[PDB]
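Colleague: For reference, the structure I am asking about is given below.
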Amino acid sequence: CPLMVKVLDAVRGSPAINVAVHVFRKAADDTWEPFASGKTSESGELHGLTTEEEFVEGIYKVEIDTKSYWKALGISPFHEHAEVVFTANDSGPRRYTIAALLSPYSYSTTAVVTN
Amino acid sequence: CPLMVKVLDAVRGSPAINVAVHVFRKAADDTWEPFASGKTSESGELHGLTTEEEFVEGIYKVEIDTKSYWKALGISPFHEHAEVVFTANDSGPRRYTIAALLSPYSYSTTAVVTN
Amino acid sequence: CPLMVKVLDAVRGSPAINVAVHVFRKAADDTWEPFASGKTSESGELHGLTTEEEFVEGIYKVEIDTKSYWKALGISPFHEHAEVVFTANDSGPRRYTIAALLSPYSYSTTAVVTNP
Amino acid sequence: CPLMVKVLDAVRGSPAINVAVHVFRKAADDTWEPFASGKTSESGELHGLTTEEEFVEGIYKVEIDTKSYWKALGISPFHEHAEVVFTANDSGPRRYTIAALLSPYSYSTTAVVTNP
Ligand SMILES: *S(=O)(=O)c1cccc(-c2nnc(-c3cc(Cl)c(O)c(Cl)c3)o2)c1
Ligand SMILES: *S(=O)(=O)c1cccc(-c2nnc(-c3cc(Cl)c(O)c(Cl)c3)o2)c1
C-alpha cells in the first residue's frame, strides 16, 4: 500500500513477470536488514510489501533480480541486479511506486510519489 | 481500451497531469490524419482514445505536448514534443499502452502490449 | 560539429552501428524540408551532418531509423523510428549532441547542448 | 581505459560535472571492498579509475553519488545514489563504459562493453 514495485521488459514490450524483488532497510550500523520481498505478478507488479505502520522514515534499498529474469528467457545480461536506494520522507506524498524498465545492458528507474 | 497513453514526470516524481496528447494515423498518401486526442488525467493517463472497431492495423503517431507541460511549470525544455511512431499489428497482443517518462532535456518511452 | 547524433544498443551493450538518420527542418509553409542525413559509424556516432553556416535557427526533426536497424539484425521491433524535434539556435549558435539508447520496445533520448 | 564512467544531466542538457563515484569489488567473504573512486570532469567523464592489471575478474559495484550532485545544485532528489552492479572480465579482459543519465526522481543507466 505505501510501497509498490512495477517492473517492465523493454525487449518484449510486456510486464516483467515472476521477477524476485527484495527490500532492505538501512540499520543503525549501516548494514542492510531484510525488510520485505516477493515476486512480480502477471502485471509486473508487487503489492503488499509493507504497511503504513512498518514503513517508517529511513533509507531503503529495492533490489530487483534482473540477472535471473534474463537468464530464464535465454538472454545474457550485464547487471547482477538493479538497485534502487532512496529515503522515505514523511513530509512528501504518502504512496511510493518504484518502477523499473529493463533491457539486457540497461535499465531505467523512476519514482512516482503521490497522495 | 485498445490504446492507452501514460505520462510520468521525472523532475517531480509524479504523473504528468493535463498534458495534451494527439494521435494520428498515416494515410495512403503518407500524410498524418488526426485520429484521437485528449489530455492526461490526474493519474497521468489518457483512456478512451479509440475503440477496437476503429483501431485497425496501420502506422500511428502519438504526439505528447511536452513543451507546454514544462512551460506551465516554469521550466525551459529542449523538445517541441515527444513523438512515438509505431505499427499496430493484429497478430500480436491486443492492448497497447504507450508510456513516456519526461525530463526537460530527455524522455524515455516504452510500449506495453498485452492481452 | 554543430550537430552530432550518438546511438547505443541496450540489448548488445554496444554502439548502434549503421543506423540511418534523417534530419528535417520546418519551412515557412510548415512542411518538413530535408536538411541532412547520414549513417552512424562503428562508434555509433554520426558527425558532419551540417555546418555552422547552414545550421540556422529553426525547428529541426532528427529521425533515427530504429526499425531498419533492428530488422537488419533480424529482430521485429515496436517503433518505426525515434523522432527528436527541437528548436535550435534561437539564442545564437549552439552545439547539439542528440543521443539515443535503443531497445526493441523502448528508447530513451537526451540532448547535450553547449555554447562555443 | 578498462573502466570509464560518463554521467549526464537530463534537466540541464549537459554533462553532470563533479559527480563523485565510488567503485567496490566483492571479496571472497562476500563483503564490498573499496576498489577505486574519483569525480567526473567538466565533460561528465571519469577516466583513470583502474589499470588492466588491477581490474581482475569479479563482481563490481559502481556507486554514483547522485544525491550529493543534486544537493550541491540546491535540488532535493529522490535517490541516494545510482548503483550499477556487474560481473566484469569473466571471459577475459574487456573495456567497460558505464553511462548514467540523471533526473531528480529518475535515472537510466547503460553499459558499453568492448573487446580490445
Ligand atoms: S499505469 O500504472 O497504468 C502504467 C501503465 C504502463 C506503464 C506504466 C509505467 N510505470 N513506469 C513506467 C516507466 C518507467 C520508466 Cl523508468 C521508463 O523509462 C518508462 Cl519509459 C516508463 O511506465 C504505468
Ligand atoms: S559521446 O561521448 O560522444 C557521447 C556524447 C553524448 C552522450 C553520450 C551518451 N553516453 N550514454 C548516453 C546515454 C545513456 C543513457 Cl542511460 C540514456 O538513457 C541515454 Cl538517452 C543516453 O549518452 C555519449
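Residue numbering in chain C adheres to Swiss-Prot, whereby the residues present occupy positions 30-145 in order.
Heads up, header says this was done by X-ray crystallography, 1.4 Å.
In case you wondered, yes, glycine gets a Cβ from its N, Cα and C as well.
Quick paste from Swiss-Prot:
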- C:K35, C:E74, C:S137: L-thyroxine binding site (BINDING)
- C:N118: N-linked glycosylation site (CARBOHYD)
- C:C30: sulfocysteine (MOD_RES)
- C:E62: 4-carboxyglutamate (MOD_RES)
- C:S72: phosphoserine (MOD_RES)
Colleague: Express the distance between the Cα positions of C:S72 (phosphoserine) and C:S137 (L-thyroxine binding site) as a whole number of Å.
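Modeller: A Cα-Cα distance of 18 Å.
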Colleague: By a simple count, how many Cβ atoms lie within 10 Å of the Cβ of the residue listed as 'phosphoserine', its own Cβ left out?
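Modeller: For the residue listed as 'phosphoserine', the 10 Å Cβ neighbour count is 13.
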Colleague: Looking at L-thyroxine and its recorded binding residues C:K35, C:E74, C:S137, figure out the farthest C-alpha pair and report it in angstrom, whole number.
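Modeller: The two farthest binding residues have Cα atoms 16 Å apart.
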Colleague: Among the recorded positions C:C30, C:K35, C:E62, C:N118, say which ones reach under 8 Å of chain D by Cβ distance, listed as they appear in sequence.
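Modeller: Listed recorded positions meeting the cut-off: none at all.
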Colleague: Provide the three-state secondary structure of C:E74 (L-thyroxine binding site) computed with DSSP.
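Modeller: It is in a strand.
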Colleague: Would you kindly determine which recorded positions in the set C:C30, C:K35, C:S72, C:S137 have their Cβ under 8 angstroms from any Cβ of chain A, listing them in sequence order or replying 'none'?
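Modeller: Near chain A - Cβ to Cβ under 8 Å - we find C:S137.
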Colleague: Would you mind reading off the Cα separation of C:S137 (L-thyroxine binding site) from C:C30 (sulfocysteine), to the nearest angstrom?
Modeller: 23
Colleague: Cβ under 8 Å from chain B: which of the recorded positions C:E62, C:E74, C:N118, C:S137 qualify?
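Modeller: Near chain B - Cβ to Cβ under 8 Å - we find C:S137.
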Colleague: Out of C:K35, C:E62, C:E74, which of these recorded positions is nearest the residue listed as 'N-linked glycosylation site' by C-alpha distance?
Modeller: C:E62
Colleague: Round to the nearest Å and give the CA-to-CA distance linking the residue listed as 'sulfocysteine' with C:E62 (4-carboxyglutamate).
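Modeller: Rounded to the nearest whole number, the Cα-Cα distance is 21 Å.
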Colleague: Among C:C30, C:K35, C:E74, C:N118, C:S137, the recorded positions in question, whose Cβ has the most other Cβ atoms within 10 Å in this structure?
Modeller: C:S137
Colleague: Could you state the whole-number distance in Å separating the C-alpha atoms of C:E74 (L-thyroxine binding site) and the residue listed as '4-carboxyglutamate'?
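Modeller: The separation of the Cα atoms works out to 23 Å.
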Colleague: Of C:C30, C:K35, C:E62, C:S72, C:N118, C:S137, the recorded positions listed, which put a C-beta under 6 Å from ligand 2? Please answer none if none do.
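Modeller: Only C:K35, C:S137 qualify.
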Colleague: Please report the Cα separation of C:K35 (L-thyroxine binding site) and C:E62 (4-carboxyglutamate) in Å, rounded to an integer.
Modeller: 22
Colleague: Please list residues from the chain of C:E62 (4-carboxyglutamate) whose Cβ is under 8 angstroms from its Cβ, counting only those at least six apart in sequence.
Modeller: C:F53, C:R54, C:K55, C:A56
